[PDB]
Peer 1: 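Sharing a structure with you now.
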Amino acid sequence: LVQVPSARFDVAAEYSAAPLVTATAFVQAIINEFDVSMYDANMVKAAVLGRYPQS
Amino acid sequence: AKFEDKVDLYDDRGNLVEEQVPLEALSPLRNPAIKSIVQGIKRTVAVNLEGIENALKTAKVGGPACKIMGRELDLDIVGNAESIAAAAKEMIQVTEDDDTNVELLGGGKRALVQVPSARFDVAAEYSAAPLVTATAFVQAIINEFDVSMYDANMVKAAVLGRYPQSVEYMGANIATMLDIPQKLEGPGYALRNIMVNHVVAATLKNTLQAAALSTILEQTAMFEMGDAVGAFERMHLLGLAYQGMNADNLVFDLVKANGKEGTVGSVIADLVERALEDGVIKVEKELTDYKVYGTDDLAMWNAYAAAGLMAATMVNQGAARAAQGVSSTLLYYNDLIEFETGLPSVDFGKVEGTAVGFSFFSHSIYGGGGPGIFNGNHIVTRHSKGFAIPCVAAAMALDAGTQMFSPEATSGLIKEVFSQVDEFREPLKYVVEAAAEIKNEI
Amino acid sequence: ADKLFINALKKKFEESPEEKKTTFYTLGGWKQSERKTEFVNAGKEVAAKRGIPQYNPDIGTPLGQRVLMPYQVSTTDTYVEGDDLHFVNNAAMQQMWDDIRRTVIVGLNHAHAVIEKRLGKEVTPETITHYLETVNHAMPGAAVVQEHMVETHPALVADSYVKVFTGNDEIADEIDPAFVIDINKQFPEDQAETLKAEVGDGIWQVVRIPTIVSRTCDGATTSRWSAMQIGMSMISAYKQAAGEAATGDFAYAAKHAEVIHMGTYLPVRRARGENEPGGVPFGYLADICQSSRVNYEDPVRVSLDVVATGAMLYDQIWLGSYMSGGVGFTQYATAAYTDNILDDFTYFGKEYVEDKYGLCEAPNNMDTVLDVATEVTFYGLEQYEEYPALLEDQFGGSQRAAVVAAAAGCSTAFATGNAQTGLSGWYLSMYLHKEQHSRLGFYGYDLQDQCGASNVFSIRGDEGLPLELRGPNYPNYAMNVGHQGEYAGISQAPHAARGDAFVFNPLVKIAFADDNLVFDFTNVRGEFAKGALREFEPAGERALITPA
Amino acid sequence: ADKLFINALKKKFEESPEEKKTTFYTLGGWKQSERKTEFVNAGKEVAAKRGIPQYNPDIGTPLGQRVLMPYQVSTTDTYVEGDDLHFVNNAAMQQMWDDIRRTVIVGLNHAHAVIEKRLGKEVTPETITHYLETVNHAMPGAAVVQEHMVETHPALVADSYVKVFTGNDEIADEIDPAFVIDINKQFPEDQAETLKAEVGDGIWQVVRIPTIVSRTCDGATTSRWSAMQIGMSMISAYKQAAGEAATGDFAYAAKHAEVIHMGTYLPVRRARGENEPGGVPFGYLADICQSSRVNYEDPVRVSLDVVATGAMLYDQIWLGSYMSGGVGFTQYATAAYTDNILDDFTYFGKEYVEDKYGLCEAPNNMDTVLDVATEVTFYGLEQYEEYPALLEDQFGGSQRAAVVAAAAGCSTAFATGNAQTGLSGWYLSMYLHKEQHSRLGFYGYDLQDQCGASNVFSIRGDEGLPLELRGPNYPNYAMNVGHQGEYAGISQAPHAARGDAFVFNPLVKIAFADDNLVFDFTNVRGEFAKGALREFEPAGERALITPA
Amino acid sequence: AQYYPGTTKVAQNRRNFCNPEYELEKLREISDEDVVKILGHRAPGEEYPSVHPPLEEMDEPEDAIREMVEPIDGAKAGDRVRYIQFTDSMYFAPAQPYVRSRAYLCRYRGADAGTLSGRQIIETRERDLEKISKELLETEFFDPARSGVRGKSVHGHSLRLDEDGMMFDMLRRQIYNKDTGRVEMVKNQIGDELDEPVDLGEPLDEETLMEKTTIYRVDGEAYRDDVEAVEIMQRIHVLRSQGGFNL
Ligand code: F43
Ligand code: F43
Ligand SMILES: C[C@@H](OP(=O)(O)O)[C@H](NC(=O)CCCCCCS)C(=O)O
Ligand SMILES: O=S(=O)(O)CCS
Ligand SMILES: O=S(=O)(O)CCS
Ligand SMILES: [Cl-]
Ligand SMILES: [Mg+2]
Ligand SMILES: [Mg+2]
Ligand SMILES: [Mg+2]
Ligand code: NA
Ligand code: NA
Ligand code: NA
Ligand code: NA
Ligand code: NA
Ligand code: NA
Ligand SMILES: [Zn+2]
């Protein structure tokens, strides 16, 4: 369960900071946890947020 | 306390305001003046009462060259603007003492509306501003003249246009700096889909203020997009500081030194020297008669390079007093600096790339247009994460009349209303003062 | 004397139209029909050729336990089986949509000011004519500047061209008349004066891209393709650098600043770009139809030619294919343009209104709505009751709902001269019909009709809109058959009674007043009939680049 | 021993390919060309029939001051003028896009669970066969339930059908083989085994709607049309009420919960619905191409057939018409599939890698990128420098940049077995090329390429994506020619070298292994040649319903 | 400034074009009126058109940037923005496309330069354009056989030469005179005939083209053999690659 801090919405136009801030924090935390290489980290991104931004 | 950097902050005359401000005092996440700018842009609407009245009287509603013969309604809206605006304010406000503002402009022809913050506190996004304002003015006009049930739909069409048959408010006589949520190129982009001409219009063509408003909007969007989270946060904050807030007077001082006779190339040489002088970069290796520079702080090199980029625009486009070359400056500033130094250009090539397509899509047949119609949400100019568009705003501010799609043509209603708001018009002043004010809370 | 539908009913059935009983089950199922017979035979050839079973009359239930009826195309003496009015089987219908999809209206007013103010050059009728010769080479897909360009085959793209119009008779007269839509020739004199006043001295291009490209691609292609070849032709005819900063102002003007799309883009659940059917507002569809300039002494004929145009496009192609597909919605639409049934009901209402009020002379209020919509509703439903053949012909309740309501709505607008009261009349018709027969349409037919009365006069954000501005993307209207084309007709009705030259957009009206179109928009129902009979010749075919 | 493009250069020019001088200006302009001569005469015919000037060789500048060259379609012995490779003049190219646009993949796994769990009925190979006979009647536009339905002409929709596949060989053997895509017949043993393991016991439909509907309507029509006739066929074959609550589960399954579109919908500035070229991700395009199953010992050939597929679709039809239009972008794309030039450079790099590392055996890092991409880049640019005829053939810098980088990026993926380092090699090739000749492509060519290096390995929101998931809507790629087709090739490259059966989606790969398709996806460059010679017979023509 | 890495003659030529203190060699003399004729934007002795009123007649925002940045003379007067465009042969023309844009933004103020494979352009205020154009046409930026002034129909950078050593021009704007061994401009840059042709001098000979060129080629100096230049390009790739991933 993740609840992104209110202060991020206070200076945002809408609500997509929740998924986007959560996704990148977990992507970077996973990469950092296992020291995933530069070459393979794009796979962790795809596993978290999917086909975005092509979709 | 997350970052140790400090910056000195100046005004748009090059005078020091406040020394040694922690970098995070300029974060969108912490600075109250950036919050107020964003909340302001979300909630402010411009109403064209004259346009509504003319649309009704001619029955020209619902988009370009549209008209409905026999539907004409002759109502003296501008003549009764005070009454209508006061009636509209009653519906727009939540309570009598809140931050609702309704102000008549141009003898009743226009109105500045700021919808109360309480409505946005229980809203997903920002469309309550136009929709609450539009319905309050439709209802106030109908109530003012006792327009019949049979005819009132024409008042709706004169205010909000062909919506909902069109997705947009097509032919509307209201305007906002933001655009509808459906037109976002990605989630998190709304603060990018603000035309450069609107930014230049609101800041009255003051170059540094336009650069400041543009950079605040761009870098704040970078937090909503998540781009300024974790590893990249500091790069974005140093970019806001040095490229858009004239941190350390670096932009200002490069323009001063190159303004009379300089070129892109001369600004570059001054910047590299200054980065050398400050310890940001240093010689890593010597080739044959060629020094390769290195840096132990890429984020700070990027910011210094970014500050150089802004100043080269102001010098190059300022010397022409013609904005079109900003696309060239964004390209060759970065191309030249890489072969000058052996270090990556601003935003690691992304400014340069943005500038390549922006040049194409402003000097060809296939699309874009002049510099003033672009923005961070435009497909041509979304690619750099905050480091390209603020240069465009500065170039359009310096244009002396070479454009057909100038701010006067695209942004006249935005200028008349949004330039009234002090924080929109002179954001560099408010943001620096706030950062000074919270400087010990970091 | 006879109702107008009596001839059709007599051609369909051996019984007089008043008889209440008939014979079923002994007609031979599909074997009664020449067209079904053709289809069974073709199914067998198809399946054998490709190695996969296809059309088979023994699958599912056995068609033709009742009479499979011929339909009269209203206003004609053509009778065809309904399969011949399926859009897939009818090249006139396909070409009608292509002619709209491939058209965009693009001003020259901003472009000419770029030329004079930014480039510092002159614009004259001579330069305009030179430009129009240039763009009539370029637009079909041929080159004007670069060396070693490869080009479209002129014969495959013969239907692509660019014309202009303007309200300034003296300018119009100087341009080569090959390129000019002549407002004074195409429109009766009062209409011409209105339209020329609207346009004034603006000069507007009507651009048509090739049908072959519109079929390969989509509607959102049209304005892009148009802008490319306008931009090349401006470079060539006015001598810019071939790609300088000022070139970009022509691009922006042609794609955005002085462009009139036929349709606007749609929201994500029905994601489509510009120039698709769902973006075409009802008032534009009325103005595309050219019945107004030829039949202007008969407001019924004008209105019901609009109904035919919209019922085919919006129910058969749009809702019946783009938004669904399969066998689809032929006869939900054919009810509004066949057997002269809508025409009989609508001519009744026109005569009622004419005799009681005078056209356009009723008060614009609910008292007129209640009066006219009720009287015409009771008239139409009574025909179904007095002629069992008529009820067997329009067998689906949805079909009868749309036909009776269209007559009631159109007649109400003939009385008030206002579309919005016409629309109220449509909804009231539905409610009265539902109570009279204890049925109305298909399971989901009256979503919009139950929201209907309350939303006619609403002013709220996604509720309130004059009818002329509504279209297929008006929220209540976004899903269902048997309404959109009739709404286009009600939009036309008051303007036809008033003698107005256009309903919503005078540029759109003039843009389709063009004899170089493939489809004849002056006689929509005549064209449907020609396509049904396999006599219409479309653009876009690939025969020249394929084997013999 | 010769470079592969030497025959082509000898065909085009009188000089030896190494000669630096030639003769211009005395070739007769357009009169040197058979094709331009056909076009001039056709333009006269057109203009005289319609009353409006059209193609005219004297508008603008005079083509053919240099040699208007023939092009060899790569891997063939067919030489044609470039105009014959324009998508407008080539029915093979139009049909390739129609076969993609009109296809949707629809599971039967949820549907069969509705039947068993909600209706409480049984599903076996026999019920599925009955269901498939029913849906092959209904899918083209014919009826199974109601009385008095009017239907599509079976011969107009002969290219519409439904097939199934499954990974369970014993189930597949019990369904009538007319309806089954046979994985063991279509794929080599090891590929078959991989694909069957991905599918397992799932059963999936491949649905193709009629080309004539696809051309009338749009890509987003396909999954709707599919769902309508799946729904009718489920009602008929499994004895539901025709319209009960459980009917809705089938509708949601077919449109939403087990549907695989060819392309996803696009954002508003390039508003389009599903199954348009811009939504097709590069990995799917590589899987649509069927070179992998036939040319599986030659990873260069597989990869360059993907490049041809994507350069035509993405540059000629998508960027050159949907997103722009006019003369368009034929030779920006033909550079990657003509004269055996990309083939020469890529075989060079494949051989280099194979000899130095072994395919797929180089370390997946920047050292390999720097090695392979630099070496191949320098090979390709040397050919243009050594053969003046080659540089005059690929006369536009963009064409050269795309070709040279495609070779470099494919070669780099050949070495690492990973697309992402292949893509890094593409961008490094552009940077080296730009410095070597002091030029790269057209004005806006390297927007993506200057962003490129940094975004290859980024993980940020709208930046980070494996190459296989990227497509025409990846932000930096959304606008420009001379990249998208090449990227589809680089996505194929590492999988071809590995011998993988698919690049990104195994259902998409099986779906196009179907001999009832019109276009032959196993030999894309062969088909382009056939269409250029006017020998390809497309679906969707209206000859049967128009005058002889 | 160091401008560009590398140890070939090409790399030194690239650095020289950029360096504003390097005096371009003058090869030919052209009148002011013939510059105006070649541009084709106005007739000699025609007043400069304007796009806006002179700067001193307008009321400008109080703006320290405006105050610090001196306007070029054409900006002060309100001149049109106009252009001159060149095409450079890959057969050893002295200047080349990216070399021009890099050098233009190092030497010239108020410049909008664009680089393409077959054309390179600068747009600036008309009276200032006329001054730059003199230097672009009179110095070793230009050779009359291997370079071309072309506002449209630019084809020819990548084509074989004709028998005289001249680059292809679809519109044949530059005509080689066998009798003098000199080239004349017969048309302006957009292709309209000049009343009187303009002498552009003699083409540089093979050995002088080799000494002055900025293109790398296997039959000249190959880029792959300028190993220090290649090393910096590879370094930029690597550092951009790593910065986009992390910092
Ligand atoms: C399965 C459904 C429910 C569903 O959502 N749509 C159906 C079926 C669908 C199929 C039937 C084709 C076929 O037979 O295989 C199509 C042609 C749509 C498609 N998939 O192509 C259609 N309906 Ni229906 N549907 C129709 C109609 C109607 C009327 C028919 C009433 C009667 O008394 O005959 C009723 C609704 C009502 O009661 O008002 C109706 C029902 C039904 N409609 C019932 C099946 C009825 C039955 O079992 O007989 N249609 C009509 O009212 C007129 C037009 C007609 C459509 C074809 C065309 O327009 O030509 C067709 C439109
Ligand atoms: C007006 C523009 C600017 C604009 O945005 N697009 C143009 C023109 C446009 C037109 C030319 C059609 C015509 O001649 O009427 C079309 C066909 C697009 C359309 N409208 O159909 C096109 N370019 Ni262009 N364009 C191309 C190219 C190029 C190359 C040509 C260089 C050379 O030396 O010949 C250069 C850019 C470059 O220098 O890198 C170029 C520029 C230009 N490009 C210059 C005009 C150049 C000149 O005046 O001659 N294209 C290419 O390099 C190859 C493919 C080619 C495209 C046609 C095809 O793909 O078959 C065409 C693609
Ligand atoms: C940029 C954008 O154009 P606008 O600026 O939106 O007018 C976009 N066109 C393009 O991206 C055209 C792409 C292909 C033709 C350019 C050739 S590289 C569009 O039509 O959606
Ligand atoms: O039976 S339903 O009314 O659901 C379908 C109408 S065709
Ligand atoms: O000249 S441009 O690079 O703008 C066009 C390429 S077709
Ligand atoms: Cl950092
Ligand atoms: Mg009898
Ligand atoms: Mg009776
Ligand atoms: Mg002199
Ligand atoms: Na009879
Ligand atoms: Na049957
Ligand atoms: Na949808
Ligand atoms: Na044929
Ligand atoms: Na030869
Ligand atoms: Na010509
Ligand atoms: Zn289509």
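In what follows, chains are A, B, ... by sequence order, proteins preceding strands, each numbered from 1.
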Peer 1: Heavy-atom distances under 4.5 Å only: say whether D/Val46 touches chain C with side chain, backbone, both or neither.
Peer 2: side chain

Peer 1: I'd like to check the side chain to side chain donor-acceptor pair (under 3.5 Å) partners of D/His130; sequence neighbours left out, ordered by chain and number.
Peer 2: none

Peer 1: Would the distance check show the side chain of C/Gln94 and the main-chain N or O of D/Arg215 forming a donor-acceptor pair, the cut-off being under 3.5 Å?
Peer 2: no

Peer 1: Go through the atoms of D/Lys163 and report whether side chain, backbone, both or neither lie under 4.5 Å from a heavy atom of chain C.
Peer 2: side chain

Peer 1: Tell me, for D/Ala138 versus chain C, whether the close heavy atoms (under 4.5 Å) come from the side chain, the backbone, both or neither.
Peer 2: neither

Peer 1: Side chain, backbone, both or neither: which part of D/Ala92 has an atom under 4.5 Å from a heavy atom of chain C?
Peer 2: neither

Peer 1: Could you look at D/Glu45 and say if it's the side chain, the backbone, both or neither that has a heavy atom under 4.5 Å from chain C?
Peer 2: side chain

Peer 1: Name the member of D/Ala42, D/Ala237, D/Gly326, D/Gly325 that forms the most heavy-atom pairs with chain C at distances under 4.5 Å.
Peer 2: D/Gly326

Peer 1: Counting only heavy atoms closer than 4.5 Å, note whether D/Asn90 contacts chain C via side chain, backbone, both or neither.
Peer 2: backbone

Peer 1: What part of D/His148 lies closer than 4.5 angstrom to a heavy atom of chain C: side chain, backbone, both or neither?
Peer 2: both

Peer 1: For D/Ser223, is it the side chain, the backbone, both or neither that has a heavy atom under 4.5 Å from a heavy atom of chain C?
Peer 2: neither

Peer 1: Donor-acceptor pair, distance only, cut-off 3.5 Å: does the side chain of D/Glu81 make one with the backbone of D/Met69?
Peer 2: no

Peer 1: Tell me which of these, C/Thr330, C/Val162, C/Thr134, C/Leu63, has more heavy-atom pairs under 4.5 Å with chain D than the rest.
Peer 2: C/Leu63

Peer 1: Partners of C/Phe536 by ring-ring contact (aromatic ring centres under 6.0 Å, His included), sequence neighbours excluded?
Peer 2: none

Peer 1: So which of C/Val213, C/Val327, C/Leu132 has the biggest tally of heavy-atom pairs under 4.5 Å with chain D?
Peer 2: C/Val327

Peer 1: Under 4.5 Å heavy-atom distance to chain C, tell me which part of D/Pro62 shows up: side chain, backbone, both or neither.
Peer 2: backbone

Peer 1: Out of C/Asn516, C/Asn89, C/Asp159, which one racks up the most heavy-atom pairs below 4.5 Å with chain D?
Peer 2: C/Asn89

Peer 1: What residue, out of D/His86, D/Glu38, D/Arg50, has the most heavy-atom pairs lying under 4.5 Å from chain C?
Peer 2: D/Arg50

Peer 1: Around D/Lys36, counting heavy atoms of other residues, nucleotides and ligands shown, do more than 12 lie under 6.0 Å from its NZ?
Peer 2: yes

Peer 1: Which answer fits D/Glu541, side chain, backbone, both or neither, if we ask what part of it has an atom under 4.5 Å from a heavy atom of chain C?
Peer 2: both

Peer 1: What part of D/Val135 gets within 4.5 angstrom of chain C, counting heavy atoms only: side chain, backbone, both, or neither?
Peer 2: neither

Peer 1: In terms of heavy-atom proximity below 4.5 Å to chain C, should D/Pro53 be classed as side chain, backbone, both, or neither?
Peer 2: both

Peer 1: So which of D/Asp83, D/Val144, D/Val157 has the largest heavy-atom pair count under 4.5 angstrom toward chain C?
Peer 2: D/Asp83

Peer 1: Among C/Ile545, C/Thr216, C/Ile212, find the residue that satisfies the side chain to side chain contact (heavy atoms under 4.5 Å, CB included) test when tested with D/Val88.
Peer 2: C/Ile212

Peer 1: Need one label for D/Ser236: side chain, backbone, both or neither, based on atoms under 4.5 Å from any heavy atom in chain C.
Peer 2: side chain

Peer 1: Most heavy-atom pairs under 4.5 angstrom with chain D, which of C/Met139, C/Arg101, C/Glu276?
Peer 2: C/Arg101

